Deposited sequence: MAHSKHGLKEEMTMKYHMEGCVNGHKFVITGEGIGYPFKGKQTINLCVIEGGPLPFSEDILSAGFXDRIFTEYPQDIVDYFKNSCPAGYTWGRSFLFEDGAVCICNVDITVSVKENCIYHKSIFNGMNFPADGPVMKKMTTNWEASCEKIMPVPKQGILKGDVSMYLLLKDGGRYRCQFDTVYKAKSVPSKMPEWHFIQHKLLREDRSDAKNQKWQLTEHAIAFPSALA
């Protein structure tokens, strides 16, 4: 009954970061449906709260295993479990801001709980920007392009993202990810697409900055 995973698991999160020189630590928990491509996490700022920047920039920082993959398409992420995998991503904001996230996913054996260890670093978030002024609401749903790296055993992800502005309008960020399974897979997917729907809902109280994230993602092939 498992590829290391179950139809319903639990996940743990521990992020350490530094944005525009501001250090912070975060811990999270959630439950998900790897096979359905659905997940719900609860974040809490253990160190450095309240954060001075939008929680939005960290979202994608907080696991491709939560993707519904068709039979016809090879599932790189799931085939790496429970050993897991690591990933790296650069965030290129339209206003010069630059972020980098690196993560370690590891499927807990007997716990039915997926772990993720991340480090988030960013700088150049303009003081009068939507990030530092917390003027962002959510990311718009997307379509990411996933492509195998020949002779390297890794996957490349490419997605142009848009953060929705409280004041209406979009805010652009270019995502470029490197997906690395902990072991050379016998199998490798052909290039494909992944559609995402990341949503955020703050839940802070004058005693703790906390919030919830949700994600639904589905892999598809070119409709050609």
| query | finding |
| --- | --- |
| Stretches with no C-alpha atoms in the model, relative to the deposited sequence starting at 1 | 1-3, 66, 229 |
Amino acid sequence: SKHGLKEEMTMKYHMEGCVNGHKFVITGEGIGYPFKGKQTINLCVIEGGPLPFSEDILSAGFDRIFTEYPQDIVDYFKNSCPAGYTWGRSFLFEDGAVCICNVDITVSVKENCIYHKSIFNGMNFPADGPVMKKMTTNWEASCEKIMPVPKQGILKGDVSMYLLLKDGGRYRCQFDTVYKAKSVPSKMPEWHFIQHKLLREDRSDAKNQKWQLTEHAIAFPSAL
From here on, numbers count along this sequence of modelled residues.
| query | finding |
| --- | --- |
| Between the two ranges 148-156 and 89-97, the one averaging a larger CA B factor in the entry | 148-156 |
| Of 64-72 and 180-188, the stretch whose C-alpha atoms average the higher B-factor in the entry | 180-188 |
| From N138, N121, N124, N112, residue of greatest CA B-factor | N112 |
| Chain-relative CA temperature factor third for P52 | lowest |
| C173, C-alpha B-factor rank within chain (lowest, middle or highest third) | lowest |
| Ranked C-alpha temperature factor of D202 among modelled chain residues, by third | middle |
| CA B-factor placement of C81, once the chain's modelled residues are sorted into thirds | highest |
| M9, C-alpha B-factor rank within chain (lowest, middle or highest third) | highest |
